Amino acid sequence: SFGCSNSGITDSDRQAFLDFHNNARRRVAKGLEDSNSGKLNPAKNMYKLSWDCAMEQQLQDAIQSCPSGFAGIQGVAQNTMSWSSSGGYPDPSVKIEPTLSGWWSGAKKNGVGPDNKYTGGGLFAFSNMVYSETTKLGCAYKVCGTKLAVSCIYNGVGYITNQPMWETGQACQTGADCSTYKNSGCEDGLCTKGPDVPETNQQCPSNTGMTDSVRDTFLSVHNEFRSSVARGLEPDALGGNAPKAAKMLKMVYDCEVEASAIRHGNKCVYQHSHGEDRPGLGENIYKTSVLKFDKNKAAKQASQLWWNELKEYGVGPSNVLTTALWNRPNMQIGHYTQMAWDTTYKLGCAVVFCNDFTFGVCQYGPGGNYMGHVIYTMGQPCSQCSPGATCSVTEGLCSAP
């Protein structure tokens, strides 16, 4: 049906954009898509795209003059292609397939790394098409005399350095296999996103700018990484895995710590707050060029980019945060350390839409990154938890709340 008002393209065009993307996504998911050398890895959690009229209309409005470069539309990644011909374009629909196949040819021509990680080398356009967490699609073309621009925008970002375009696994069998969004369906190996759950703010009613869904994203992503690291499961670029943690505390969400992150977030200056403005609190910051970026997507991406420091740069088996590891050229580790800091247990975050970037701030109480100190005490999980605390060996986190 589509139900789009835009007369710039036809339904037949919308169906050709949409089908090309989903057929190619399903091929990847099924492990059937060619690479430069063998087959691409199969995909779990590979979502089917749905058409979005609002996304389509906005993109259509931006290309009326066949501009050079990117539209700068909010909340989305963009793919773009320009054609020239002295004969003009009496049937622009015939350029849909070679545009999309030209975007797609990224992977076959250059290849994709063993973890399906984005590294560029010419995967930009392929990454937007294939990105597993993307659920919405909007495309449009415009004729400008002898010039044709064909473009698609996507509600997910696939060009982030070292982030996996998709996770290797079997394609979904039922909707229970789709882990990215709750209550997803499954159509022949493609996950299908259901309707959006309404955003609530019951955890911290005095604060403005944050919602419960975003809080639980930060909190669960933090805790799950701390659980993983305490049990010896997290890879370290400096050798093997990071050591087991003896007394890794489970984080709780804290409204006051949130209110403090919100204050700094609302200033819209990409830098650390002064330590006296967050007294006794650690801090992690994040921005992305994408404007008005989904707050949950921004929370998950920020958390992972901070965490990735361990597998990218490394800490080593002593687990000590040293000035020698700190001062490494082009290597930062301090965002990861604060996330893994065992004495740190209150989390409060903010995601603020600034006019220049989506800004993400998390604050940490009591706050780590003591120079010359271990990031966490090393030993068997739960071994050194405080006298009255609970801990399971299958999670490895000391908790009292």
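The numbering used is simple: start at 1 and walk along the sequence shown.
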Worksheet item: Got a sec? Mean C-alpha B-factor, which is higher, 336-344 or 53-61?
Response: 53-61
Worksheet item: Given the B-factors recorded for C-alpha atoms, which segment has the greater mean, 378-386 or 20-28?
Response: 378-386
Practice prompt. Determine which member of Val130, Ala242, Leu219, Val290 has the highest CA B-factor, using the values in the deposited entry.
Written response: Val290
Worksheet item: Which listed residue, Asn41, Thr358, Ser35, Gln363, has the largest C-alpha temperature factor in the record?
Response: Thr358
Discussion item. Is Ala259 in the lowest, middle or highest third of its chain when residues are ranked by C-alpha B-factor?
Written reply: lowest
Worksheet item: Lowest, middle or highest third of the chain for the C-alpha temperature factor of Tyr47?
Response: lowest
Worksheet item: Taking the C-alpha B-factors as the PDB entry records them, is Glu276 in the lowest, middle or highest third of its chain?
Response: middle
Discussion item. Sorting by Cα B-factor within the chain, modelled residues only, which third would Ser206 end up in: lowest, middle or highest?
Written reply: middle
Worksheet, complete the sentence: By the entry's values, the third containing the CA B factor of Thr323 is the highest
